[PDB]
Structures are given as structure tokens and as C-alpha cells.
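For reference, the structure is listed below as C-alpha cells.
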Amino acid sequence: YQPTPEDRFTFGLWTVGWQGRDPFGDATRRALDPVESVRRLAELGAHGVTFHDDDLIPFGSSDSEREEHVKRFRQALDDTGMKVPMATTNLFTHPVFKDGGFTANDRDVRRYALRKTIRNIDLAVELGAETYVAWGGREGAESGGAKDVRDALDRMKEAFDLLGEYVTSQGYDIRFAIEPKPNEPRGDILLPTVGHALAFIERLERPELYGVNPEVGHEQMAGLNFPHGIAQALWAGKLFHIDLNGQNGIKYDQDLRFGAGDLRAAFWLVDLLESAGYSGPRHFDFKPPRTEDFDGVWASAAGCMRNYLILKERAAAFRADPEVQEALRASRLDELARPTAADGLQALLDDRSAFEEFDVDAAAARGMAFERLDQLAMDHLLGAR
Ligand SMILES: [Mg+2]
Ligand SMILES: [Mg+2]
Ligand code: NA
């Protein structure tokens, strides 16, 4: 289960670089130089890295310092063959963003947030990124009167529309991906789930430029089924990027390594991504726990990729097994894929077998055979076939 760059595994600089500061504790690890992270991740078999502006260029850097930070990073990419498929903006750490970036009540903060974002879009394009992520972690509220949500959505739309005008005007081949999260650090965050983000995109001026960047743990913070949400995003043609990690239920955002947390949900996710032919990066947004030293950081990162590869093997074996294919037919998955009424509305209305002469009791007595199917899936996941 050895990863290679062809597997398209990517990591944020802020993941392996997380120093371990949590709400109740100081950092347990020293800061990593981005150049070291690129080299170490390349040695593990990663394909690329991603960054927030402020991960790569310290906030407040002069133009000359900015140039030197980028030059050093580009040489590390050249030395390793690592790519940068995605970039994003930090609109959450600095105190100026305490009430949001794009939806801050203060208008001057909203304008600054847009300018900070635009500057990093230029850099992302320079480095070859194809997707630009926006996680609106400060967009929201702790109390009901603090934020008129209709006005906030107007401001959010305004911001994204302006960004779309900018990339179109410059001729950039980049697309945007909105990352939902239901809460934390705000009491409630705007666009809290994949569904809300997909709905919002349809009201933008150029919806084709925007998709979603769902994160395993974030949907699980609302108790939702992550594979189901991914299926809806794929169905809409909007899965532009994905963040892979683990989460143990409804609590603070844990960002565990992928495969930890809900293991069976991870299996069904990999099955879906591979079956659907998702071709984007397999990006890990995770935090090595603060109990770990640097050897544990790299072990945790390697484990992300290993677990994806094991699950990919098991899901492929499941789908290829003739006994599973028979069980899928026994459960009528084949019929689910056939149209209900390709004969059309009038034919349906005239079809006595659909109502007047339908034997509801005979249909009700048919078992779905779902438990046998699910036990075959369990056996395959555990390698007990
Ligand atoms: Mg998270
Ligand atoms: Mg994320
Ligand atoms: Na737009």
C-alpha cells in the first residue's frame, strides 16, 4: 500500500505544520519551514501541497520578503516535482476578521477581505493552482441579533460575484470551491452544510465557476451522512475538490487522520469516489494530534494515504465480487437505476397495474435483502472473504 504521485494525494502546509495550540493549551511542536514540509511529503509519496496565503508568506511581510518566500518555495517544488493544485486565503486568524471577512458588519473589513483574497488568487495562478477554496470560518454569529442573515447572504453573494468578475477579467483558468462547516469557531457558520453551499451557488451570477470542497469531519459535525452529501454534489456536477480526514461524531472539529473516526463511512466514501471517477486531488485536511513529536507527524500523514489505499482495494474487491453483484440484483439496485416512467405521464395515468390493479400486499411482502448485502460489504472491508 505504497503511495505514488499518481495517486494525487495532497496535504495543506497547515496540516503537518500544525504546532498543537488548541483552545486550552500551548504549542507542543516547533514551526516547520514550508520547504522542509514539501521535501518530507515528497519522500512519503505525496503529489502536492496546498496553502493559505499566511502559511507561505508571514502576515505583514514586505514585497521583498514576499518575493523571497515564494522563490524558496518554488525551488522546493522544482527540486521535488511537487505540485500546488489548490490555494486558499486565511480570513480567520487575524483579529480584524473577528466578525468575518466577506460578511463582517464593518464595510471596510469586507473590502480588505476581498483585496487580501485577490492578491492570493494572483499567486495561486502563478503557482499552477486549478482550484481556489474559500472556508468562511468567521462568517456567522453567536447571537441572533448580531447578523441579519439575508443581508449577510447578499454580502456573501456580492463578494463571490466580484471574485468571479476578477478571474474572468484576467483570463484565469481557476475555479472556486466553497467549504462548508456548521459551527466552530463561530456559534453557527453561514452555509453550514454541502446542501446550503450548493443552493447558494445557484444564485451567483456565474454559477459554473463555483463548486464545493466538502470535508468529512464537517458534515459529520451535523450528524450527516458524508457519502450521501458527496453523492448529491457529484449529481449536481459540483465536486471540485475534497478534504479527507476523520471525526468521531458530533463534537469539536477533530481533523483526525483519514480512516480514523467513522471507518465504514470512509469505506463508502472511497467506493463512491472511485466508482464515480472523481479525478481531483485527494487532499488531507488533518491535524497530527498534539501528543505527537515530528516522527508522529510523518507517521500520521503516511497513515492518511495508507488508509485510502487499503479502502480502495477493499471497495474494488467488493464491487468485483460476483456474489456481491448477485446480491445487488437481489436488492433491486438495478431497478433503482431504471426510469420510473419513461412511458410518460399519460401512460402512467392509464396504467391500471400502477394503481387500480396493483397488489400492494404482494409488493410489501418482498424483502429487500439489505442485511445480507451489508454483511458482504462488512466481510470485504475486514478482509474476511
Ligand atoms: Mg475540520
Ligand atoms: Mg478543510
Ligand atoms: Na458569479
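Going through the C-alpha cells in order, the chains are called A, B, and so on, while each chain numbers its residues from 1 and the ligands are numbered from 1 in the order shown.
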Which of region 51-183 of chain A DSSP labels strand (DSSP E), written as a list in words
residues 51, 52, 86, 87, 88, 131, 132, 133, 134, 140, 141, 175, 176, 177 and 178 of chain A
Taking only C-alpha atoms and all ligand atoms and a cut-off of 6 Å, can you tell me which residues surround ligand 2, written as a list in words?
residues 215, 243 and 285 of chain A
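With only C-alpha atoms and all ligand atoms counted, the chains near ligand 1 contribute these residues within 8 Å: residues 181, 215, 216, 217, 218, 245, 253, 254, 255, 285 and 286 of chain A.
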Contacts between ligand 3 and chain A, please, where a residue of chain A counts if it comes within 9 Å (with only C-alpha atoms and all ligand atoms); show its shortest atom pair and distance in Å to one decimal, rows by chain and ascending number, as a tab-separated table.
```
residue	atom	partner	partner_atom_place_in_ligand_line	distance
A:157	CA	ligand 3	1 (Na)	7.7
A:158	CA	ligand 3	1 (Na)	8.3
A:159	CA	ligand 3	1 (Na)	8.8
A:160	CA	ligand 3	1 (Na)	5.9
A:161	CA	ligand 3	1 (Na)	3.6
A:162	CA	ligand 3	1 (Na)	6.9
A:163	CA	ligand 3	1 (Na)	7.3
A:164	CA	ligand 3	1 (Na)	4.8
A:165	CA	ligand 3	1 (Na)	6.8
A:201	CA	ligand 3	1 (Na)	8.4
A:203	CA	ligand 3	1 (Na)	8.4
A:204	CA	ligand 3	1 (Na)	4.6
A:205	CA	ligand 3	1 (Na)	3.8
A:206	CA	ligand 3	1 (Na)	3.8
A:207	CA	ligand 3	1 (Na)	5.9
A:208	CA	ligand 3	1 (Na)	8.2
A:209	CA	ligand 3	1 (Na)	7.1
A:210	CA	ligand 3	1 (Na)	7.9
```
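Distance check against residue 214 (chain A) using only C-alpha atoms: of A:328, A:233, A:364, A:86, the minimum falls on A:233.
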Where in region 138-341 of chain A does DSSP assign helix (DSSP H, G or I), given as a VMD selection string?
chain A and resid 144 to 146 149 to 170 194 to 201 207 to 209 216 to 220 226 to 235 263 to 276 294 to 320 322 to 330 333 to 336
Please identify all polymer residues within 12 Å of residue 68 (chain A), counting only C-alpha atoms, omitting same-chain residues fewer than 5 positions from it, and present them as a PyMOL selection string.
chain A and resi 56-58+61-63+73-75
Just write the chosen residues, N, CA and C atoms, as a compact mmCIF listing (two decimals), in the first residue's frame.
```txt
# COMPACT_ATOMS: atom_id res chain seq x y z
N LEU A 56 2.36 30.59 3.84
CA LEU A 56 3.54 30.69 3.00
C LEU A 56 4.26 32.01 3.18
N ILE A 57 3.51 33.10 3.32
CA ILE A 57 4.07 34.43 3.46
C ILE A 57 3.59 34.97 4.80
N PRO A 58 4.48 35.16 5.77
CA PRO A 58 4.04 35.66 7.08
C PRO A 58 3.25 36.95 6.93
N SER A 61 4.32 40.82 5.70
CA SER A 61 5.61 40.81 5.01
C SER A 61 5.67 41.93 3.98
N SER A 62 6.86 42.49 3.80
CA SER A 62 7.09 43.45 2.74
C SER A 62 7.10 42.74 1.39
N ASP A 63 7.01 43.53 0.32
CA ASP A 63 7.03 42.96 -1.03
C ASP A 63 8.31 42.18 -1.29
N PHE A 73 10.10 28.63 -1.96
CA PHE A 73 9.08 27.61 -2.10
C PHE A 73 9.09 27.02 -3.50
N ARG A 74 9.20 27.88 -4.52
CA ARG A 74 9.21 27.40 -5.90
C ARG A 74 10.40 26.49 -6.17
N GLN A 75 11.55 26.80 -5.58
CA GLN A 75 12.71 25.92 -5.75
C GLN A 75 12.46 24.56 -5.12
```
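Look at residue 197 (chain A): the protein and nucleic acid residues within 10 Å of it, using only C-alpha atoms and passing over chain neighbours fewer than 3 places away, are residues 177, 178, 179, 180, 181, 190, 191, 192, 193, 194, 200, 201, 202, 210, 211, 212, 213, 214 and 233 of chain A.
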Would you kindly return, as an mmCIF file with N, CA, C and O atoms, in the first residue's frame, each protein, DNA or RNA residue with an atom no farther than 12 Å from any atom of residue 148 (chain A), considering only C-alpha atoms and excluding same-chain residues fewer than 5 positions away?
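As a result, selection33.cif now contains:
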```cif
data_model
loop_
_atom_site.group_PDB
_atom_site.id
_atom_site.type_symbol
_atom_site.label_atom_id
_atom_site.label_comp_id
_atom_site.auth_asym_id
_atom_site.auth_seq_id
_atom_site.Cartn_x
_atom_site.Cartn_y
_atom_site.Cartn_z
ATOM 1 N N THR A 103 -18.519 38.814 5.197
ATOM 2 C CA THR A 103 -19.785 39.192 5.819
ATOM 3 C C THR A 103 -19.601 39.915 7.147
ATOM 4 O O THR A 103 -20.549 40.003 7.929
ATOM 5 N N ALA A 104 -18.408 40.440 7.413
ATOM 6 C CA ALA A 104 -18.219 41.314 8.561
ATOM 7 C C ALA A 104 -19.226 42.454 8.514
ATOM 8 O O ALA A 104 -19.533 42.989 7.445
ATOM 9 N N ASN A 105 -19.721 42.861 9.685
ATOM 10 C CA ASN A 105 -20.634 44.000 9.687
ATOM 11 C C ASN A 105 -19.949 45.274 9.210
ATOM 12 O O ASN A 105 -20.584 46.108 8.561
ATOM 13 N N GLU A 139 -17.624 33.613 9.258
ATOM 14 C CA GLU A 139 -18.878 34.165 8.755
ATOM 15 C C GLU A 139 -20.009 33.520 9.546
ATOM 16 O O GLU A 139 -20.286 32.332 9.381
ATOM 17 N N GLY A 140 -20.637 34.275 10.432
ATOM 18 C CA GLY A 140 -21.660 33.684 11.284
ATOM 19 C C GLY A 140 -21.888 34.533 12.524
ATOM 20 O O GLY A 140 -21.727 35.749 12.494
ATOM 21 N N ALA A 141 -22.276 33.869 13.609
ATOM 22 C CA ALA A 141 -22.717 34.601 14.790
ATOM 23 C C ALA A 141 -22.765 33.679 15.993
ATOM 24 O O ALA A 141 -22.924 32.463 15.865
ATOM 25 N N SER A 143 -25.000 35.063 18.456
ATOM 26 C CA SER A 143 -26.269 35.548 18.975
ATOM 27 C C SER A 143 -27.138 36.005 17.814
ATOM 28 O O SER A 143 -26.645 36.319 16.732
ATOM 29 N N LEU A 153 -26.090 37.130 3.424
ATOM 30 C CA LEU A 153 -26.045 36.371 2.177
ATOM 31 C C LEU A 153 -25.920 37.297 0.972
ATOM 32 O O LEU A 153 -25.233 36.964 0.003
ATOM 33 N N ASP A 154 -26.562 38.471 1.012
ATOM 34 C CA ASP A 154 -26.330 39.465 -0.036
ATOM 35 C C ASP A 154 -24.854 39.839 -0.118
ATOM 36 O O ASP A 154 -24.294 39.948 -1.216
ATOM 37 N N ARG A 155 -24.214 40.064 1.035
ATOM 38 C CA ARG A 155 -22.795 40.412 1.042
ATOM 39 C C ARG A 155 -21.927 39.248 0.584
ATOM 40 O O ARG A 155 -20.915 39.452 -0.093
ATOM 41 N N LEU A 190 -22.380 30.492 8.527
ATOM 42 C CA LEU A 190 -23.233 30.576 7.343
ATOM 43 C C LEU A 190 -22.825 29.527 6.309
ATOM 44 O O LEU A 190 -21.655 29.170 6.192
#
```
Given only C-alpha atoms as the counted atoms, nearest of A:319, A:287, A:186, A:147 to residue 260 (chain A)
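Closest to residue 260 (chain A) of all the choices is A:287.
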Give me the residues near residue 295 (chain A) as a ChimeraX atom specification, where near means some atom within 12 Å (using only C-alpha atoms) and where sequence neighbours in that chain fewer than 6 positions away do not count.
/A:16,29,40,288-289,301-302
Give me a file of those residues, with N, CA, C and O atoms, as an mmCIF file, in the first residue's frame.
```
data_model
loop_
_atom_site.group_PDB
_atom_site.id
_atom_site.type_symbol
_atom_site.label_atom_id
_atom_site.label_comp_id
_atom_site.auth_asym_id
_atom_site.auth_seq_id
_atom_site.Cartn_x
_atom_site.Cartn_y
_atom_site.Cartn_z
ATOM 1 N N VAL A 16 0.458 19.108 8.485
ATOM 2 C CA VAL A 16 1.682 18.636 9.116
ATOM 3 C C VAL A 16 2.383 19.763 9.857
ATOM 4 O O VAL A 16 3.158 19.510 10.784
ATOM 5 N N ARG A 29 4.889 21.603 19.359
ATOM 6 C CA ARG A 29 5.881 21.383 18.322
ATOM 7 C C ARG A 29 6.350 22.721 17.777
ATOM 8 O O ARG A 29 5.598 23.699 17.746
ATOM 9 N N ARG A 40 9.711 16.568 2.891
ATOM 10 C CA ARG A 40 9.295 15.381 3.636
ATOM 11 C C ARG A 40 8.055 14.739 3.020
ATOM 12 O O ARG A 40 7.962 13.509 2.935
ATOM 13 N N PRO A 288 -2.088 16.276 12.952
ATOM 14 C CA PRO A 288 -1.471 15.267 13.800
ATOM 15 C C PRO A 288 -1.694 15.662 15.247
ATOM 16 O O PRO A 288 -1.425 16.811 15.611
ATOM 17 N N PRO A 289 -2.206 14.773 16.091
ATOM 18 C CA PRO A 289 -2.521 15.184 17.464
ATOM 19 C C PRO A 289 -1.323 15.786 18.183
ATOM 20 O O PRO A 289 -0.165 15.444 17.931
ATOM 21 N N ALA A 301 0.661 11.390 8.732
ATOM 22 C CA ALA A 301 0.487 11.735 7.324
ATOM 23 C C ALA A 301 0.557 10.495 6.436
ATOM 24 O O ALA A 301 -0.269 10.317 5.532
ATOM 25 N N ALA A 302 1.540 9.623 6.684
ATOM 26 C CA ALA A 302 1.630 8.387 5.913
ATOM 27 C C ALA A 302 0.376 7.545 6.091
ATOM 28 O O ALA A 302 -0.100 6.913 5.139
#
```
From the set A:132, A:308, A:166, A:9, which residue has the shortest atom-to-atom contact distance to residue 259 (chain A), counting only C-alpha atoms?
A:308
Test item: residues at most 12 Å from residue 2 (chain A), only C-alpha atoms, excluding those fewer than 6 positions along its chain, as a PyMOL selection string
chain A and resi 9+43-46+302-310
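Using only C-alpha atoms, the nearest neighbour of residue 244 (chain A) within the list A:20, A:12, A:100, A:277 is A:12.
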Can you tell me how far CA of residue 42 (chain A) sits from CA of residue 117 (chain A), in Å to one decimal?
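Answer for the CA of residue 42 (chain A) to CA of residue 117 (chain A) separation: 27.9 Å.
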